[PDB]
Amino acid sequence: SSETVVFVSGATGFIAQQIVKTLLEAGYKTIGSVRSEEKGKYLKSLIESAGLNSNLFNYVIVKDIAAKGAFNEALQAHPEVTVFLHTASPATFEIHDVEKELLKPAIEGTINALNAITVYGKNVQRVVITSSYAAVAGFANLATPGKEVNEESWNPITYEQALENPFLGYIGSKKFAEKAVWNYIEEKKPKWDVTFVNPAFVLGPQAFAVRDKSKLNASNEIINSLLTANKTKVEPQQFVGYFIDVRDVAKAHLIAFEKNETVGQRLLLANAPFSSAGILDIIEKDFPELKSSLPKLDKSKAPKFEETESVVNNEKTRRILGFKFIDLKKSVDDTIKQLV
């Protein structure tokens, strides 16, 4: 343990802050990449206010993961890094050019991190890539409803199909960033081992603080848009799929470098099906002070699970992780409790 030093790219993001929190709670020396000095100081202050050992956390400034050589200076300054958690990637549909704002920042950010690790991360033994269930199952025209998917399945979406719209663009960004790692391992044959963490829709509370209660990270807006509709008058879009709580995703990233069976594995981080209506049901029962303000969901606008969703078999992932997942009710409750 004392010899382990974990680097986390994009440390201010939703999942990454929970990873950083989980690492510090476990006592790991942690180095977080951030886009600015003020973002680094902000995260250090959150860590200190939470009562954690902030001497365990340092930050490096990496303004743009997409820039060639992005992580070079950081790893040069930190030759003690033995684990690299590459989590940073655009996770938003608030973009206009898929290719410029999703594909290449994801793909080249990832290729640049790997080149930086191989050249300046001489002590890195384990690399963990935050991928996505998006790389595992097909979507929209490529949906395979009722077909089993598991840790070995791939989304067949082509590069050109990813260009169609921002949702498919994000999906393709994850599939092709992941393919880029596998191809890098084949071509460069690095000495480090790789593990992938592939989460479905990630729900749950922020690690330390809600910056702006009006708008959370993109996946948690599935919850928050039900809360803010009363004020914004914006009809909430309804979703169906699989969910996972952010704290299980964060724990999975530690398992990913702590265990030997995870080498070369894609950990499929999916708990159970969800729908927007089912989340609304949890909210109205668990927070009666909110039923006054919750929207009336048009059942005709609701995606039906059986029409689109593959059937996840992640028994292997579940065995390797070895802990019980947080269920949807707790995940939603804990998210709301930070907003109410």
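Residue numbers run from 1 along the displayed sequence.
Chemist: Please work out which of 6 to 14 and 324 to 332 has the higher mean CA B-factor as recorded in the PDB entry.
Modeler: Stretch with the higher mean C-alpha B-factor: 324 to 332.
Chemist: Of 115 to 123 and 196 to 204, which one has the bigger average CA B-factor?
Modeler: Looking at the record's C-alpha B-factors, the answer is 115 to 123.
Chemist: Between 189, 86, 175, 251, where does the Cα B-factor run highest in the record?
Modeler: Out of 189, 86, 175, 251, the record gives the largest C-alpha B-factor to 189.
Chemist: Could you say which of 95, 255, 180, 263 has its CA atom at the highest B factor, as listed in the PDB entry?
Modeler: Going by the entry's C-alpha B-factors, 95 comes out highest.
Chemist: Lowest, middle or highest third: where is residue 68 by Cα B-factor in its chain?
Modeler: Ranked within chain, residue 68 CA B lands in the highest tercile.
Chemist: Among all modelled residues of this chain, ranked by Cα B factor, put residue 30 in the bottom, middle or top third, i.e. lowest, middle or highest.
Modeler: Tercile = lowest for this residue's CA B-factor.
Chemist: For residue 280, does the deposited CA B-factor place it in the lowest, middle or highest third of the chain?
Modeler: Within its chain, residue 280 is a middle-third residue by C-alpha B-factor, going by the deposited values.
Chemist: Lowest, middle or highest third: which one holds residue 58 when the chain's residues are ordered by CA B-factor from the entry?
Modeler: Ranked within chain, residue 58 CA B lands in the lowest tercile.
Chemist: Using the B-factor values recorded in the entry, state whether the Cα atom of residue 137 falls in the lowest, middle or highest third among the modelled residues of its chain.
Modeler: CA B-factor rank for residue 137: middle third.
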